[PDB]
file input.txt (compact mmCIF, C-alpha atoms)
# COMPACT_ATOMS: atom_id res chain seq x y z
CA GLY A 1 111.08 80.75 139.71
CA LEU A 2 109.66 83.23 137.20
CA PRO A 3 106.56 85.29 138.11
CA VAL A 4 104.99 84.72 134.72
CA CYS A 5 101.76 82.99 135.73
CA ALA A 6 99.55 86.10 135.92
CA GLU A 7 98.42 84.74 139.28
CA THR A 8 98.90 85.39 142.97
CA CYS A 9 98.48 82.77 145.69
CA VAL A 10 97.74 84.58 148.91
CA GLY A 11 95.91 81.48 150.12
CA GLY A 12 98.92 79.26 149.35
CA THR A 13 97.79 77.56 146.13
CA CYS A 14 98.12 78.33 142.41
CA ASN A 15 95.65 77.07 139.84
CA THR A 16 97.61 77.77 136.64
CA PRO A 17 99.10 74.56 135.15
CA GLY A 18 102.83 74.34 135.78
CA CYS A 19 102.82 77.11 138.39
CA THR A 20 103.53 76.78 142.10
CA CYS A 21 103.22 79.19 145.00
CA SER A 22 106.33 81.17 145.88
CA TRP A 23 104.18 82.78 148.54
CA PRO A 24 102.34 85.00 147.68
CA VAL A 25 103.18 84.94 143.96
CA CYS A 26 102.71 82.05 141.52
CA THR A 27 105.84 81.13 139.63
CA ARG A 28 106.94 78.87 136.83
CA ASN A 29 110.47 77.61 137.47
call {"tool": "encode", "arguments": {"input": "input.txt", "output": "structure tokens"}}
result
Amino acid sequence: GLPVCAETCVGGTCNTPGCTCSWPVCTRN
């Protein structure tokens, strides 16, 4: 839930381990 991945996911997917796409921002928990 935290936007601490230094990654956006406009296309729907995050590449940082442990991060998932809370569209359009990658989040960790």
call {"tool": "residues_around", "arguments": {"input": "input.txt", "residues": "residue A:18", "least_positions_apart": "4", "cutoff": "9 Å", "atoms": "all atoms listed in the file", "output": "list in words"}}
result
residues 5, 27, 28 and 29 of chain A
call {"tool": "axis_aligned_box", "arguments": {"input": "input.txt", "around": "stretch 13-26 of chain A", "padding_each_side": "5 Å", "output": "AutoDock Vina command-line options"}}
result
--center_x 101.0 --center_y 79.7 --center_z 141.8 --size_x 20.7 --size_y 20.7 --size_z 23.4
call {"tool": "atom_distance", "arguments": {"input": "input.txt", "atom1": "atom CA of residue A:13", "atom2": "atom CA of residue A:26"}}
result
8.1 Å
call {"tool": "residues_around", "arguments": {"input": "input.txt", "residues": "residue A:10", "least_positions_apart": "5", "cutoff": "12 Å", "atoms": "all atoms listed in the file", "output": "number ranges by chain"}}
result
A: 15, 20-26
call {"tool": "decode", "arguments": {"input": "input.txt", "residues": "chain A", "atoms": "C-alpha atoms", "output": "PDB file, in the first residue's frame"}}
result
ATOM      1  CA  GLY A   1       0.000   0.000   0.000  1.00  0.00           C
ATOM      2  CA  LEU A   2       3.023   2.293   0.255  1.00  0.00           C
ATOM      3  CA  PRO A   3       4.298   4.129  -2.850  1.00  0.00           C
ATOM      4  CA  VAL A   4       7.907   3.341  -2.036  1.00  0.00           C
ATOM      5  CA  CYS A   5       8.914   1.393  -5.133  1.00  0.00           C
ATOM      6  CA  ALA A   6      10.301   4.322  -7.162  1.00  0.00           C
ATOM      7  CA  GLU A   7       8.204   2.965 -10.016  1.00  0.00           C
ATOM      8  CA  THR A   8       5.016   3.753 -11.888  1.00  0.00           C
ATOM      9  CA  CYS A   9       2.921   1.176 -13.735  1.00  0.00           C
ATOM     10  CA  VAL A  10       0.919   3.015 -16.356  1.00  0.00           C
ATOM     11  CA  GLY A  11       0.836  -0.194 -18.395  1.00  0.00           C
ATOM     12  CA  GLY A  12      -0.499  -2.186 -15.431  1.00  0.00           C
ATOM     13  CA  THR A  13       2.629  -4.054 -14.312  1.00  0.00           C
ATOM     14  CA  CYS A  14       5.454  -3.358 -11.843  1.00  0.00           C
ATOM     15  CA  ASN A  15       8.894  -4.882 -12.202  1.00  0.00           C
ATOM     16  CA  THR A  16      10.313  -4.114  -8.746  1.00  0.00           C
ATOM     17  CA  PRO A  17      10.392  -7.229  -6.513  1.00  0.00           C
ATOM     18  CA  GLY A  18       7.641  -7.139  -3.908  1.00  0.00           C
ATOM     19  CA  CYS A  19       5.756  -4.310  -5.617  1.00  0.00           C
ATOM     20  CA  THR A  20       2.348  -4.483  -7.274  1.00  0.00           C
ATOM     21  CA  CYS A  21       0.386  -2.030  -9.383  1.00  0.00           C
ATOM     22  CA  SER A  22      -2.045   0.210  -7.529  1.00  0.00           C
ATOM     23  CA  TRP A  23      -2.765   1.715 -10.913  1.00  0.00           C
ATOM     24  CA  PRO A  24      -0.828   3.763 -11.973  1.00  0.00           C
ATOM     25  CA  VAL A  25       1.637   3.663  -9.054  1.00  0.00           C
ATOM     26  CA  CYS A  26       3.658   0.688  -7.824  1.00  0.00           C
ATOM     27  CA  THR A  27       3.226  -0.038  -4.147  1.00  0.00           C
ATOM     28  CA  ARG A  28       4.653  -2.277  -1.476  1.00  0.00           C
ATOM     29  CA  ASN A  29       1.939  -3.231   1.004  1.00  0.00           C
TER      30      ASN A  29
END
